[PDB]
Amino acid sequence: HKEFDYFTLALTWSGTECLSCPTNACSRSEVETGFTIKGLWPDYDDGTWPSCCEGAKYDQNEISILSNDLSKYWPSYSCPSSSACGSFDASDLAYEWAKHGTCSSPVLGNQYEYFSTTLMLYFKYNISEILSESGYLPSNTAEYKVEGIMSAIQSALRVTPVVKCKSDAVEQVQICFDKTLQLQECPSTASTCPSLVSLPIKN
C-alpha cells in the first residue's frame with residue numbers, strides 16, 4: 001500500500017465515555033476526568049487511511065514495560081470485546097495495533113516504538129492541561145463554546161485540532177503530526193459539534 005501521509009493522535013474525553021469489568025476504566029473513580037489515548041493513526045491526506053497492514057502480531061511481551069502507562073493513559077471504556085482485521089481483540093491495544101499500528105512502518109518499526117511514541121506525544125502535548133489553563137474544566141453543569149475550546153488549543157499548539165462530539169459533549173480531539181513528529185494541520189473537515197459543548201465528569 002501507499003505509505004501513510006501523516007499521523008493523527010486521537011484523544012478520548014473519559015467523562016463523555018462514561019455517561020462493568022476490570023478492563024473498563026469507567027469504574028476508576030480515583031482517576032481524574034480528562035483525555036486519554038484513543039489511538040495514533042497513520043492517515044492519508046485524502047481522508048482515507050491504510051488499515052490492517054502487514055506486521056508482527058500483537059505481542060504484549062513487547063510492550064510489558066509500558067503496561068502501567070497504557071493501562072492508565074490508553075484505557076478501554078467498555079467491556080464487550082472489539083474487533084478488527086478479521087477477529088475479536090483481547091484489548092484496545094491489540095485492536096489499535098492490528099488496525100493502525102502495523103501501518104506506521106517504516107516510520108515506527110515495531111509495536112514498542114508504536115505505543116511508546118504515542119505515549120511520548122501524549123505526554124508532551126497535554127491537551128487536558130491546555131484546556132484547564134484556559135478555563136475549560138470538567139463539569140456536569142458548564143457549557144462552553146466550541147470556538148473557545150478550539151481557539152485555546154490552537155493558540156497553544158499553533159495548529160487547529162479536529163473535534164468530535166457525542167450528542168453535546170466533547171468526545172474526541174484530534175491533533176495531527178507529520179512523519180517527523182512535528183505538529184501540522186489536519187485535513188480540512190466540516191464541524192460536527194454543536195455551538196455549545198460540555199466536558200462531563202466520569203461517573
Side-chain angles (χ1 to χ4, degrees), residues 4-19 25-26 31-49 69-70 72-77 92 96 100 104 107-108 114-202:
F4 70 100
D5 296 318
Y6 68 90
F7 278 122
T8 283
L9 172 62
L11 305 175
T12 304
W13 181 258
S14 71
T16 300
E17 225 52 51
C18 303
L19 284 177
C26 290
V31 179
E32 177 188 359
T33 302
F35 285 105
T36 57
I37 303 169
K38 171 59 182 178
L40 176 61
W41 311 326
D43 287 320
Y44 289 140
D45 294 317
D46 64 11
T48 66
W49 58 87
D69 285 296
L70 290 173
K72 183 175 174 61
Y73 304 106
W74 199 324
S76 180
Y77 297 94
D92 63 338
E96 294 295 332
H100 297 289
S104 61
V107 178
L108 304 183
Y114 172 73
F115 289 99
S116 60
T117 296
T118 302
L119 276 40
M120 182 185 77
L121 295 173
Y122 171 81
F123 289 136
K124 181 180 184 185
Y125 302 101
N126 191 328
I127 306 305
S128 298
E129 178 184 302
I130 289 175
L131 292 187
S132 59
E133 306 183 323
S134 276
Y136 307 94
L137 315 160
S139 173
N140 302 320
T141 62
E143 271 185 50
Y144 316 97
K145 298 178 179 182
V146 184
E147 67 82 17
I149 291 177
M150 296 284 268
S151 177
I153 300 173
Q154 151 66 196
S155 64
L157 308 179
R158 300 164 184 166
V159 289
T160 302
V162 176
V163 183
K164 304 300 188 183
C165 287
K166 188 179 182 181
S167 183
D168 181 64
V170 176
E171 175 170 49
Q172 178 174 290
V173 168
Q174 294 170 14
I175 305 301
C176 296
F177 298 86
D178 66 22
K179 284 183 285 284
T180 49
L181 303 184
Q182 303 182 300
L183 284 159
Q184 67 168 65
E185 299 291 356
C186 293
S188 298
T189 339
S191 298
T192 49
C193 285
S195 184
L196 294 179
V197 298
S198 61
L199 296 167
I201 304 172
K202 283 193 287 69

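Quick note: residue numbers are just sequence positions, from 1. Scope of the values below: all heavy atoms of this structure, side chains included, with no hydrogens, waters or symmetry mates.
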Checklist line | Exercise: do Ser198 and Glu143 side chains pair donor with acceptor under 3.5 Å | finding: no
Margin query: Check whether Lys166 reaches the backbone of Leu19 with its side chain - one donor and one acceptor, N or O, closer than 3.5 Å.
Written below: no
Notebook entry, point to check: Do the non-hydrogen side-chain atoms of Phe7 and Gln184 ever get within less than 4.5 Å of each other?
Noted result: no
Margin query: If you compare all heavy atoms of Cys26 against all heavy atoms of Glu17, which two are closest, and at what distance to 0.1 Å?
Written below: SG-O, 3.8 Å
Margin query: A side-chain contact here means heavy atoms from C-beta on lying under 4.5 Å apart; do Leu137 and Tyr144 qualify?
Written below: yes
Margin query: Would you say NZ of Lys202 has more than 12 non-hydrogen atoms from neighbouring residues, nucleotides or ligands within 6.0 angstrom?
Written below: yes
Notebook entry, point to check: Could you state the interatomic distance from CE (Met120) to CG (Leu9), rounded to the nearest 0.5 Å?
Noted result: 10.5 Å
Item checked: Nearest atoms (heavy-atom pairs only) where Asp168 meets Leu196 -> OD1-O, 2.7 Å
Margin query: Using only atom types and a distance under 3.5 Å, with no angle test, would you say the side chain of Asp45 pairs donor to acceptor with the backbone of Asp5?
Written below: no
Check: Do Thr118 and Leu108 come close enough that some side-chain heavy atom pair is under 4.5 Å?
Finding: no
Notebook entry, point to check: For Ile201, does its backbone N or O pair with a side-chain atom of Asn140 as donor and acceptor, under 3.5 Å?
Noted result: yes
Next item on the list: Look up atom OH in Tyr77 and atom OG in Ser14, then write down how far apart they are to the nearest 0.5 Å.
Entry: 4.5 Å
Note to self: Please report whether the ring centroid of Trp74 lies less than 6.0 Å from that of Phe115.
What the structure shows: yes
Item checked: Flag, side chain of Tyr136 to backbone of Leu199, donor-acceptor distance under 3.5 Å -> no
Checklist line | Check: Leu40 and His100 side chains under 4.5 Å, non-hydrogen atoms | finding: no
Notebook entry, point to check: Is it true that a side-chain atom of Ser151 and a backbone atom of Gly148 form a donor plus acceptor pair closer than 3.5 Å?
Noted result: no
Item checked: Minimum heavy-atom distance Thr189-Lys164, with the two atoms named -> CG2-NZ, 4.4 Å
Item checked: From CG (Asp43) to OG1 (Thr8), nearest 0.5 Å -> 4.0 Å
Next item on the list: For the residue pair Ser195 and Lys145, establish whether any side-chain heavy-atom pair is separated by less than 4.5 Å.
Entry: no
Margin query: In the structure I gave you, are the side-chain heavy atoms of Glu96 and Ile37 within less than 4.5 Å of one another anywhere?
Written below: no
Notebook entry, point to check: Which heavy atom of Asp92 sits nearest a heavy atom of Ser76, and at what distance?
Noted result: OD2-N, 3.6 Å
Margin query: For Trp49 and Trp41: C-alpha separation, side-chain torsions, deciding distance, then whether side-chain contact (heavy atoms from CB on, under 4.5 Å) applies.
Written below: CA-CA 8 Å; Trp49 58 87; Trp41 311 326; over 6 Å; no
Notebook entry, point to check: Heavy atoms, side chains only, cut-off 4.5 Å: are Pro200 and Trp13 in contact?
Noted result: yes
Item checked: Residue pair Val107 / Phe4: nearest heavy atoms and the distance that separates them -> CG2-CZ, 3.5 Å
Item checked: Nearest non-hydrogen partners of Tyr44 and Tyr6, listed with the distance -> O-CE2, 3.4 Å
Check: Once you round to the nearest 0.5 Å, how far does OG1 of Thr12 lie from CD of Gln172?
Finding: 5.5 Å
Item checked: Nearest-0.5 Å distance that lies between atom CD1 in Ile175 and atom CG in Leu183 -> 7.5 Å
Notebook entry, point to check: Roughly how far, to the nearest 0.5 Å, is CZ of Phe35 from OG1 of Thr16?
Noted result: 8.0 Å
Check: Is there a donor-acceptor contact under 3.5 Å from the side chain of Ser155 to the main chain of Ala152?
Finding: yes
Margin query: I'd like to know if the side chain of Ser191 and the backbone of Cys193 have a donor-acceptor N/O pair within less than 3.5 Å.
Written below: no
Margin query: Tell me whether the count of non-hydrogen atoms from other residues, nucleotides or ligands lying under 6.0 Å of CD in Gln154 goes above 12.
Written below: yes
Next item on the list: Determine, step by step, whether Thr36 and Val31 satisfy the side-chain contact (heavy atoms from CB on, under 4.5 Å) criterion, reporting the C-alpha distance in whole Å, the side-chain angles of both residues, the deciding distance to 0.1 Å, and the verdict.
Entry: CA-CA 11 Å; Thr36 57; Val31 179; over 6 Å; no
Note to self: A side-chain contact here means heavy atoms from C-beta on lying under 4.5 Å apart; do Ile130 and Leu157 qualify?
What the structure shows: yes
